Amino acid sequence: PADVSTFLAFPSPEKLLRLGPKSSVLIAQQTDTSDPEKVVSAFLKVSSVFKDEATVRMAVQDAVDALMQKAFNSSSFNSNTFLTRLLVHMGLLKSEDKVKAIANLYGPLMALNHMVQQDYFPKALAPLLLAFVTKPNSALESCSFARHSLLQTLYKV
């Protein structure tokens, strides 16, 4: 077996699957969704293990859904802050504080592709996400497939 903390510390597809059949619930349960920064962190760590393979894709998508549903459904959760910090951590928007933008945006983009199609997703965030995913950026250009996919999906929101 595995635990959520160990998974978040050193994310891997295998560790996610080892969390068990209820991994999605556990990731959400163990994340302090009252803090947008922590939600961005969990979202990116979970999405970092995305692989276009049945079991992993499902595990990542389910975890993203449980986490974001829990975060977004709180009337006190600032969805705009979440989006801003997500863009900052993805290296698409600058910030006043120093952050270590992730190296690979493939997983995050594929996770977002799934997220924006869910009922819990605040549609008001779609235009902002679209603006920053379409904006020129080397990291995004390296993940053309995932980028084009997410944009095509955003056009349908």
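Whichever C-alpha set is largest while still superposing within 1.5 Å between the two forms counts as the rigid core. Numbering starts at 1 and runs along the sequence shown.
The stretch that strays farther, by root mean square C-alpha distance over structures and residues in 6 other deposited structures of this protein after a rigid core fit, is 2-10, when 146-154 is set against 2-10. Of the two segments, 30-38 and 62-70, the one listed with the higher mean B-factor is 30-38 (C-alpha atoms only).
Mean CA B-factor, 134-142 versus 15-23: the higher value falls on 134-142. Comparing C-alpha B-factors across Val56, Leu125, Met115, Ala101 in the deposited entry, the largest value falls on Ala101.
Ranked against the other modelled residues of its chain, the C-alpha B-factor of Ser79 as given in the entry falls in the middle third.
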